[PDB]
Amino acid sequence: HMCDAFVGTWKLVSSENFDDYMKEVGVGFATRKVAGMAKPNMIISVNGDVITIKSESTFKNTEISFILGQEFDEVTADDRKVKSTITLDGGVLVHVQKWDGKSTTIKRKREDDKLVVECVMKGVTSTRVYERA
């Protein structure tokens, strides 16, 4: 029951600072424009110890499956090859991605009826809000 409050189907309803976050990450112009237009559905499920997070959008469909605390290799939607670790810290799902000596952190937390996503790359933060679909 570790992630119970995250499980479900969620739809993007707002975004702030995402273009600048993507610039800091190193995403190129065309991908930023098209990805920034995306309105993904995020589908979170749990089966035993395995958490799956799917994202579906007109830009890309992705899927990750993982066990908390256990590193995995990930090709991200913007085509970075990263090493990812996802943990639960005080009820917040914390996703760290490492590649090319760089690091970014994506945190997901339940706040009221929303799932709030905070993405940080150096000093640049973006906040994305999802609601139940």
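Residue positions are given as counts along the sequence shown, with the first one as 1.
(message) Please compare 24 to 32 with 73 to 81 and name the stretch with the higher mean C-alpha B-factor in the deposited structure.
(response) Higher mean C-alpha B-factor in the PDB entry: 73 to 81.
(message) When the Cα temperature factors in the entry are averaged, is it 43 to 51 or 57 to 65 that ends up higher?
(response) Between 43 to 51 and 57 to 65, it is 57 to 65 that shows the higher mean C-alpha B-factor.
(message) Taking only the Cα B-factors deposited for this chain, tell me whether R128 sits in the lowest, middle or highest third.
(response) Ranked within chain, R128 CA B lands in the lowest tercile.
(request) Could you look up the Cα B-factor of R108 in the entry and say which third of the chain it sits in: lowest, middle or highest? (result) Ranked within chain, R108 CA B lands in the middle tercile.
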